[PDB]
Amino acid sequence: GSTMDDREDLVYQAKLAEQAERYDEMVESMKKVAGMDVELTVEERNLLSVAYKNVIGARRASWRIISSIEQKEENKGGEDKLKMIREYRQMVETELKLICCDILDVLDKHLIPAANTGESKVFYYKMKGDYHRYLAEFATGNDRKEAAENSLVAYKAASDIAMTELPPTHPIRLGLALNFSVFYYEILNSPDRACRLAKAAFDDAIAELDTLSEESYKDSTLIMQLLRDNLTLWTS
């Protein structure tokens, strides 16, 4: 009956929902945990991040495909087809707004106010940056400028905490550098800053890789390879 019983039961459900690949339910479970205004464990914040990422990613993929079809039809000139296409895109965009706002409110009202460690604060401000960035992906006009600003400010907050609280080889720090550089490239359309961010993050980590453990060595080197991959592509 206690909140701690509820918590373990909720976390077990999320783990079931994840196994069954039913992420709508895993989101519902992990959101209930986040509402207790407590510091999440590493496991719990991971579950929550996975739950929301899968839910939003399905829509982000649907949106990209539909936009592709929309471009092709605009070139062909089929207005009636386009009326249907835009209605479809708009429906997916409404789902995107609802999902992004859902987690962003959870982050602002529950997760961030209760975060007490450097890892978790960097983690939550990075999510905030991520989900404001997803809003900016399909926003237009003023809404886009606002989403971009919210994303930038949140990533900058995450970075300010990360550079003083996490080692440069830390996977959360590296993952923050990866997504923040992608933001510079895809939202602000500043390739120079995107590269300079990726390269700096990569270089600082390579310098101190010798202190890295094992399980963190795997995750860190994998993220460093993504940073290198993005760099090679952008410099190409």
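Just so we're on the same page, rigid core means the largest C-alpha set that superposes within 1.5 Å between forms. The first residue of the shown sequence is 1; numbering continues from there.
- Larger average C-alpha displacement in 6 other deposited structures of this protein, relative to the shown form after a rigid core fit, is seen for 79-87 when comparing 149-157 with 79-87.
- Structural divergence in 6 other deposited structures of this protein between 55-63 and 207-215: following superposition by the core, 207-215 has C-alpha atoms lying farther from the shown form.
- Once the C-alpha B-factors are averaged per stretch, 207-215 and 29-37 rank with 207-215 first.
- Relative to its counterpart among 191-199 and 169-177, 191-199 has the higher mean temperature factor, C-alpha atoms as listed in the PDB entry.
- Taking only the listed residues 139, 127, 101, 152, the entry reports the highest CA temperature factor at 139.
- Across the residues 160, 105, 95, 74, the deposited record lists the maximum Cα B factor for 74.
- The deposited CA B-factor of residue 89 belongs to the middle third of values across its chain.
- Residue 42: CA B factor in the highest third of modelled residues in this chain (values from the PDB entry).
- In the deposited entry, the Cα temperature factor of residue 109 sits in the middle third of values across the chain's modelled residues.
- In the deposited entry, the Cα temperature factor of residue 156 places it in the lowest third of its chain's modelled residues.
- Among all modelled residues in this chain, the alpha-carbon of residue 121 has a temperature factor (C-alpha) in the middle third.
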